[PDB]
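Quick one: the structure is below, questions incoming.
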Number of protein chains: 2
Amino acid sequence: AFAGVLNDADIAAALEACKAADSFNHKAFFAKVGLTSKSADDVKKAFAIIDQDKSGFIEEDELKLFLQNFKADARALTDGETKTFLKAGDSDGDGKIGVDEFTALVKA
Amino acid sequence: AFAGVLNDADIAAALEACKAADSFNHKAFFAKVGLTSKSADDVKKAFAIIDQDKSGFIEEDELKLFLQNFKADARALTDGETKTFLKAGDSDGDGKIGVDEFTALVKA
Ligand SMILES: [Ca+2]
Ligand SMILES: [Ca+2]
Ligand SMILES: [Ca+2]
Ligand SMILES: [Ca+2]
């Protein structure tokens, strides 16, 4: 769903880097795919894509499918990767990621 | 110190992938640099290189310098990366990584 608002080469490269089980690193991914330099406006747009049910949060089920937003046939994250990613972003410990928590994950 | 027993391109590619602060993932690295398919004999050789003082263990100070074994001017791992890496490998919880713990980190 971004393929068009991040460049295709960056996406490709970001996915190939984490093809192996447990090789995902969200900072590595965000840097390679090019989100880290994006405006807060574009980051909010990205958030909304990942929030598949538009609940206002990325719940754990959605985070597991994180890569599939970028390329539909991408692998699911392992449970291990998902928890690590949730724990880095979930600042208030409610077990989900809201928009400002996502912006911080991307940016800092 | 491997530049010669892993190929230069793989090393280069592995380092570029984790140039950003906190972007290191040891499974991603090991896969890209090509150690994961290596024999137990070559893995032991790699271990010995990383064990800079030849104590028989990679202590935390040595793990922080992990990348510098591959390319001398590579960055140090952050404290965050170092702890994560130590905690994935330190199976017996003595705070250092021995040869069989290293072989498991690489292989499985
Ligand atoms: Ca949601
Ligand atoms: Ca939260
Ligand atoms: Ca040592
Ligand atoms: Ca140990």
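Keep in mind that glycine also has a Cβ here, set from the backbone N, Cα and C atoms.
According to Swiss-Prot:
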- B:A1: N-acetylalanine (MOD_RES)
- B:38-73: domain 'EF-hand 1' (DOMAIN)
- B:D51, B:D53, B:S55, B:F57, B:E59, B:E62: Ca(2+) 1 binding site (BINDING)
- B:77-108: domain 'EF-hand 2' (DOMAIN)
- B:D90, B:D92, B:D94, B:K96, B:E101: Ca(2+) 2 binding site (BINDING)
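For each listed feature, how buried is it and what is near it?
Long-range C-beta contacts of B:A1 (N-acetylalanine), restricted to its own chain and to partners at least six residues apart, with a cutoff below 8 Å, comprise B:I49, B:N69, B:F70.
Cβ neighbour count for B:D51 (Ca(2+) 1 binding site): 20 (other Cβ atoms within 10 Å of its Cβ, all protein chains included).
A Cβ distance under 8 Å defines the sequence-distant neighbours of the domain 'EF-hand 2' (B:77-108), meaning residues of its chain 6+ beyond its ends; these are 21-22, 24, 26, 30, 35-36, 38, 40, 43-44, 46-47, 50, 56-60, 63-67.
On its own chain, B:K96 (Ca(2+) 2 binding site) has B:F57, B:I58, B:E59, B:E60, B:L86, B:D90 as residues at least 6 apart in sequence with a Cβ closer than 8 Å to its own Cβ.
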Mind checking which residues reach the domain 'EF-hand 1' (B:38-73)? Cβ under 8 Å, same chain, six or more beyond either end.
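Beyond its ends, the domain 'EF-hand 1' (B:38-73) has Cβ neighbours at 1-3, 5-6, 11-12, 14-15, 18, 24, 79, 82, 85-86, 95-99, 102-103, 106-107.
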C-alpha of B:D53 (Ca(2+) 1 binding site) to C-alpha of B:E101 (Ca(2+) 2 binding site): distance in Å?
18
To test your reading of the Ca(2+) 1 site: which residues beyond B:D51, B:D53, B:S55, B:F57, B:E59, B:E62, same chain only, put their Cβ within 8 Å of the Cβ centroid of those residues?
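Nearby residues not in the site list: B:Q52, B:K54, B:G56, B:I58, B:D61, B:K96.
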Based on a Cβ-to-ligand 4 distance below 6 Å, what subset of the binding-site residues B:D53, B:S55, B:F57, B:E59 would you report?
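List returned for ligand 4: none.
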Out of B:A1, B:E62, B:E101, which recorded positions lie by ligand 3, with a C-beta less than 6 Å from some atom of it?
B:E62
With Cβ-Cβ distance below 8 Å and at least 6 positions apart along the chain, what are the contacts of B:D92 (Ca(2+) 2 binding site)? List them in sequence order.
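In sequence order, B:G98, B:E101 meet the Cβ cut-off.
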